[PDB]
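What follows is a pair of forms of the same protein chain, given separately as structure tokens and numbered structure 1 and structure 2.
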Structure 1
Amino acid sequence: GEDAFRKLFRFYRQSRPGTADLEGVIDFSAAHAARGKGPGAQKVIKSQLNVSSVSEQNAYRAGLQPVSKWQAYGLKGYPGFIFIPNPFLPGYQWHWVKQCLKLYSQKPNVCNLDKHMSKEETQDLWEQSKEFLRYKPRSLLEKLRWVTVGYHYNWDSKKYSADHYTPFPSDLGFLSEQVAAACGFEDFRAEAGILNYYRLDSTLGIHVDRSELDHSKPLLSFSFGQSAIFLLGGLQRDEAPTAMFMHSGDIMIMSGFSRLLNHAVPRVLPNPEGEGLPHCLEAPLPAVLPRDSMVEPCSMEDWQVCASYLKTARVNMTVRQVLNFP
């Protein structure tokens, strides 16, 4: 580009994995004393979690490790910003990817394959995808770009849909509220969410989520599949951002003034052998889940679709409290 955020976004978009092009990116999943990079790594600080605020039972029920096993970080100069590397129990990411791909995209919610009205939804998305695999044209699941849950934009009023509120998925609600509680938002309520589905060449340009405090509540950002490069900038659009990786299962929480910062995803990184899954996903969802659990079993035919999809995709979930938002 021409200004410093656009320069870095283009840099990272055109960057070569596996070379020193990325030695400037923070990896919160690396074991260091905030070194090795220059300016980025030096900003990394521990952030304290409200460990007593999420019981063991409730973490487990959510598919999470016990909050006391979590690590969490901020960045000097970015108030309200918390980064938590994958706190999910092994296998449990598969549940949330399944829900995003198969259930949440189901028609009561709104997706990009129409604006807000309905197009003729011929041939259920999931069961086509199931039989695109069995038999050797662009999949209906491969075309999905975003999905709104809870609150849905109308695009003419430029505000949320009048008479179309859909109930917020209570498993994703429980998970979000456990994380938000441990970040010290024990009253948080999940009410509006967006699911973003990226291919390996998909990007997200420089943007802010909202422009107003006085109604701003915390926003949580989940990630699954391939890693992305995340750029976190400032209130004005040409302040140079800080680059960081989002690996499968990482969670970012934005509150306070962080909620207003310009951010971006310039790059979804391919698996280093071009097609394949991150290591944390090499664990399957247990066969026997706890009876009191908010997660449900996953079927082989469902897993196969997810496993094939994610080889070249990143799934993003953002969840926020409402009581809006370019």
Structure 2
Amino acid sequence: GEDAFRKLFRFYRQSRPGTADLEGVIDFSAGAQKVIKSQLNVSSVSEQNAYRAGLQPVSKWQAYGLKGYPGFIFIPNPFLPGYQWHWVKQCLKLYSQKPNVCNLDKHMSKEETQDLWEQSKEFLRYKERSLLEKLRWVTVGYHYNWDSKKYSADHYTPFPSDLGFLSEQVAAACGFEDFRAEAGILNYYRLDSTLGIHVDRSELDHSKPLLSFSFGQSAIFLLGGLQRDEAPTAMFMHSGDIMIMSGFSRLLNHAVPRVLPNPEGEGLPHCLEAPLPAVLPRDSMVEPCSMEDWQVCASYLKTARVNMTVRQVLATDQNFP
């Protein structure tokens, strides 16, 4: 298409890394015109409960916004060293299992899909195709119907309570105290994958914010207007980065035109080199990651991005209509 968004989506899909092509992409980790401050409520989440999600204390968090996009909040990586591996491990291993609908279910059964993890262990032994490599989305909580474009009181699997915990802290720190993680879409990217221009319009309550977690390889994110004519702003999303779309930003058109290969070759971003600590807190929502688990996760994220996206579908007591 020739309308501003599709033009730019096209440009960044076909962008060449390590050239002048990415000059206009904002990097929140490292421009100065558009990027602005954003206060987080620091006393909201305790130093102990941030510890339980694998997060730094909220006091340590950098948090930015954008000129022209009120309500858009961008953390950088808050996560403690190593703790990104638990969340990446859940998204591949636990969350994709059934119950809890993945994209492989349209043309396979519970027979074929049930040993996605064990198969990908077997790909470790075969040094020098797979189910994990075909996985593109998983839903949790209220399952989004891609065809109907609706949620339903019928189609739901209890939200993962550890992910619901991480969600609540991130929500509260951004000034969203009574946030209920009711619905989850997870997205899995190869280096050639893209997510098309869309608006996350089919939750019923548009007060409540949209949480967008990111892990592994970097991606470009286009955030645009209320209609697709308007040209978007490009920004990088790095491993561990978090994105709230709240207020005016909630119902904005956005996309991911590109996932990017590591600049220094193949291999992981530097932040993911640190492993999970052996000593984990007594009361934690994070669970020890085995040696084999880390190895599958590690080899996958060398050429993949995983995104988690946590939403509230119904107002605090808007029983399903």
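In this text, rigid core is short for the largest set of C-alphas that superpose within 1.5 Å between two forms. Residue indices: 1-based, along structure 1.
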item	value
Flagged residue of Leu235, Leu103, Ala162, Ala240 - C-alpha shift reaching 2 Å or more between structures 1 and 2, core superposed	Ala162
Did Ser216 shift 2 Å or more between structures 1 and 2, C-alpha, core superposed	yes
Core superposition between structures 1 and 2, C-alpha change of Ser118 at least 2 Å	yes
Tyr153 C-alpha moves between structures 1 and 2 by 2 Å or more, core aligned	yes
Per-residue CA shift, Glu23 (Å; core superposed between structures 1 and 2)	1.3
Rigid-core-fitted C-alpha displacement of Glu275 between structures 1 and 2 (angstrom)	2.0
